[PDB]
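Participant: Below is the file protein03.cif, with mmCIF, N, CA and C atoms.
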```cif
data_model
#
loop_
_atom_site.label_atom_id
_atom_site.label_comp_id
_atom_site.auth_asym_id
_atom_site.auth_seq_id
_atom_site.Cartn_x
_atom_site.Cartn_y
_atom_site.Cartn_z
N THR J 62 -48.57 72.15 -22.65
CA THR J 62 -48.55 72.37 -21.17
C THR J 62 -49.06 71.13 -20.45
N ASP J 63 -49.03 71.19 -19.13
CA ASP J 63 -49.50 70.08 -18.32
C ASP J 63 -51.02 70.10 -18.22
N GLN J 64 -51.62 71.27 -18.45
CA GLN J 64 -53.07 71.39 -18.40
C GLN J 64 -53.66 70.82 -19.69
N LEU J 65 -52.95 71.02 -20.79
CA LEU J 65 -53.38 70.52 -22.10
C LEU J 65 -53.25 69.00 -22.14
N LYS J 66 -52.22 68.48 -21.48
CA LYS J 66 -51.99 67.04 -21.43
C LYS J 66 -53.06 66.41 -20.55
N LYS J 67 -53.45 67.10 -19.48
CA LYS J 67 -54.47 66.59 -18.59
C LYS J 67 -55.81 66.57 -19.32
N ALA J 68 -56.06 67.63 -20.08
CA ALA J 68 -57.30 67.76 -20.84
C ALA J 68 -57.46 66.67 -21.90
N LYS J 69 -56.37 66.37 -22.62
CA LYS J 69 -56.40 65.35 -23.65
C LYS J 69 -56.66 63.98 -23.02
N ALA J 70 -56.04 63.72 -21.87
CA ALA J 70 -56.22 62.46 -21.15
C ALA J 70 -57.68 62.31 -20.73
N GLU J 71 -58.26 63.39 -20.21
CA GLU J 71 -59.65 63.37 -19.78
C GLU J 71 -60.55 63.14 -20.99
N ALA J 72 -60.19 63.76 -22.11
CA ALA J 72 -60.96 63.60 -23.34
C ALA J 72 -60.99 62.12 -23.74
N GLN J 73 -59.83 61.46 -23.68
CA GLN J 73 -59.77 60.05 -24.05
C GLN J 73 -60.60 59.19 -23.12
N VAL J 74 -60.62 59.52 -21.83
CA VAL J 74 -61.41 58.76 -20.86
C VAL J 74 -62.89 58.92 -21.19
N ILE J 75 -63.29 60.15 -21.51
CA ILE J 75 -64.68 60.43 -21.86
C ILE J 75 -65.11 59.59 -23.07
N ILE J 76 -64.27 59.55 -24.10
CA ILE J 76 -64.59 58.79 -25.30
C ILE J 76 -64.69 57.30 -24.99
N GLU J 77 -63.71 56.78 -24.25
CA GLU J 77 -63.70 55.36 -23.90
C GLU J 77 -64.90 55.01 -23.03
N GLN J 78 -65.24 55.87 -22.07
CA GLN J 78 -66.38 55.58 -21.21
C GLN J 78 -67.71 55.62 -21.95
N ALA J 79 -67.85 56.52 -22.92
CA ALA J 79 -69.09 56.62 -23.67
C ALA J 79 -69.29 55.34 -24.49
N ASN J 80 -68.21 54.89 -25.12
CA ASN J 80 -68.25 53.67 -25.92
C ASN J 80 -68.59 52.48 -25.04
N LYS J 81 -67.93 52.38 -23.89
CA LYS J 81 -68.19 51.27 -22.97
C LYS J 81 -69.64 51.27 -22.50
N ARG J 82 -70.15 52.45 -22.14
CA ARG J 82 -71.53 52.56 -21.67
C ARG J 82 -72.51 52.09 -22.74
N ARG J 83 -72.28 52.51 -23.98
CA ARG J 83 -73.18 52.09 -25.05
C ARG J 83 -73.13 50.57 -25.23
N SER J 84 -71.95 49.98 -25.09
CA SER J 84 -71.81 48.53 -25.24
C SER J 84 -72.59 47.83 -24.13
N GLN J 85 -72.52 48.40 -22.93
CA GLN J 85 -73.22 47.83 -21.79
C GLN J 85 -74.73 47.89 -21.97
N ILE J 86 -75.22 49.05 -22.41
CA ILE J 86 -76.64 49.25 -22.63
C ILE J 86 -77.14 48.31 -23.73
N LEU J 87 -76.35 48.16 -24.79
CA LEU J 87 -76.73 47.28 -25.89
C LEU J 87 -76.78 45.83 -25.41
N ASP J 88 -75.80 45.44 -24.60
CA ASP J 88 -75.75 44.08 -24.07
C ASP J 88 -77.00 43.79 -23.23
N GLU J 89 -77.40 44.75 -22.41
CA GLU J 89 -78.59 44.57 -21.58
C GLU J 89 -79.85 44.53 -22.45
N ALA J 90 -79.89 45.37 -23.48
CA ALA J 90 -81.05 45.39 -24.36
C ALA J 90 -81.21 44.02 -25.02
N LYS J 91 -80.10 43.44 -25.46
CA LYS J 91 -80.14 42.13 -26.10
C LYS J 91 -80.62 41.05 -25.14
N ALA J 92 -80.15 41.10 -23.90
CA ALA J 92 -80.55 40.10 -22.91
C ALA J 92 -82.05 40.21 -22.67
N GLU J 93 -82.53 41.43 -22.53
CA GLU J 93 -83.95 41.63 -22.30
C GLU J 93 -84.81 41.21 -23.49
N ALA J 94 -84.33 41.47 -24.70
CA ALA J 94 -85.06 41.11 -25.92
C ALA J 94 -85.22 39.60 -26.01
N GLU J 95 -84.16 38.88 -25.64
CA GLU J 95 -84.15 37.42 -25.68
C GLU J 95 -85.12 36.85 -24.65
N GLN J 96 -85.12 37.42 -23.44
CA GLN J 96 -86.04 36.97 -22.41
C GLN J 96 -87.45 37.14 -22.95
N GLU J 97 -87.71 38.30 -23.56
CA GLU J 97 -89.02 38.59 -24.11
C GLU J 97 -89.42 37.67 -25.25
N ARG J 98 -88.51 37.46 -26.20
CA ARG J 98 -88.82 36.59 -27.34
C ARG J 98 -89.17 35.17 -26.88
N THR J 99 -88.45 34.70 -25.86
CA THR J 99 -88.69 33.37 -25.32
C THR J 99 -90.11 33.27 -24.74
N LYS J 100 -90.50 34.29 -23.99
CA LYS J 100 -91.82 34.32 -23.37
C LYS J 100 -92.93 34.38 -24.42
N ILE J 101 -92.74 35.21 -25.44
CA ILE J 101 -93.72 35.35 -26.51
C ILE J 101 -93.90 34.05 -27.31
N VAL J 102 -92.79 33.38 -27.62
CA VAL J 102 -92.86 32.13 -28.36
C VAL J 102 -93.51 31.04 -27.51
N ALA J 103 -93.21 31.05 -26.21
CA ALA J 103 -93.79 30.06 -25.31
C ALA J 103 -95.29 30.28 -25.20
N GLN J 104 -95.71 31.54 -25.18
CA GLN J 104 -97.13 31.86 -25.08
C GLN J 104 -97.84 31.40 -26.34
N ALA J 105 -97.22 31.63 -27.50
CA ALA J 105 -97.82 31.22 -28.77
C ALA J 105 -97.97 29.70 -28.82
N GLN J 106 -96.95 28.99 -28.35
CA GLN J 106 -96.99 27.52 -28.33
C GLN J 106 -98.16 27.06 -27.46
N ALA J 107 -98.36 27.72 -26.32
CA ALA J 107 -99.45 27.37 -25.42
C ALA J 107 -100.80 27.56 -26.12
N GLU J 108 -100.93 28.64 -26.88
CA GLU J 108 -102.18 28.91 -27.60
C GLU J 108 -102.41 27.85 -28.67
N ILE J 109 -101.33 27.44 -29.34
CA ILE J 109 -101.46 26.42 -30.36
C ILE J 109 -101.97 25.13 -29.72
N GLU J 110 -101.36 24.72 -28.62
CA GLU J 110 -101.78 23.50 -27.92
C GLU J 110 -103.20 23.60 -27.39
N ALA J 111 -103.58 24.78 -26.92
CA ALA J 111 -104.92 25.00 -26.38
C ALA J 111 -105.97 24.85 -27.47
N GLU J 112 -105.68 25.36 -28.66
CA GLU J 112 -106.64 25.24 -29.75
C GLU J 112 -106.82 23.78 -30.16
N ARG J 113 -105.73 23.02 -30.16
CA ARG J 113 -105.81 21.61 -30.53
C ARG J 113 -106.66 20.86 -29.50
N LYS J 114 -106.45 21.19 -28.23
CA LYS J 114 -107.20 20.57 -27.15
C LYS J 114 -108.69 20.89 -27.30
N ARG J 115 -109.01 22.16 -27.53
CA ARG J 115 -110.39 22.58 -27.71
C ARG J 115 -111.03 21.88 -28.91
N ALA J 116 -110.28 21.75 -29.99
CA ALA J 116 -110.80 21.08 -31.18
C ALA J 116 -111.11 19.62 -30.86
N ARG J 117 -110.22 18.97 -30.12
CA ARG J 117 -110.45 17.58 -29.75
C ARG J 117 -111.68 17.45 -28.85
N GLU J 118 -111.85 18.40 -27.93
CA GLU J 118 -112.99 18.38 -27.02
C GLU J 118 -114.30 18.43 -27.81
N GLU J 119 -114.37 19.34 -28.77
CA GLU J 119 -115.57 19.51 -29.60
C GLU J 119 -115.88 18.26 -30.42
N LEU J 120 -114.85 17.60 -30.92
CA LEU J 120 -115.04 16.40 -31.74
C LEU J 120 -115.53 15.18 -30.96
N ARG J 121 -115.28 15.15 -29.65
CA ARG J 121 -115.70 14.02 -28.83
C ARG J 121 -116.85 14.35 -27.88
N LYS J 122 -117.56 15.45 -28.14
CA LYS J 122 -118.66 15.84 -27.27
C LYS J 122 -119.91 14.98 -27.46
#
```
What is this file in structure tokens?

Facilitator:
Amino acid sequence: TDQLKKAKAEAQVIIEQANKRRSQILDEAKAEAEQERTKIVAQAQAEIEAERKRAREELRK
């Protein structure tokens, strides 16, 4: 029937939209994870440099 054909079409849209949404959410999660990893690594680098500076300060006191 035409109602069954409409239903199948809607079903396909639902499946395609769910897949697309998950891809979008995953893409955003990855972008956010990268922003975070960059900040964490930068913070660690700063701590490394700070310790070297402090060590040098103590040695020349």

Participant: Using atom N of residue 68 (chain J) and atom N of residue 80 (chain J) as the two end points, give the distance in Å to one decimal.

Facilitator: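 Rounded to one decimal, the two atoms are 18.3 Å apart.
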
Participant: One number please: CA of residue 64 (chain J) to CA of residue 76 (chain J), in Å, one decimal.

Facilitator: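 The value is 18.4 Å.
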
Participant: Please measure the separation of atom C of residue 81 (chain J) and atom N of residue 95 (chain J), giving the value in Å to one decimal.

Facilitator: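 Rounded to one decimal, the two atoms are 19.3 Å apart.
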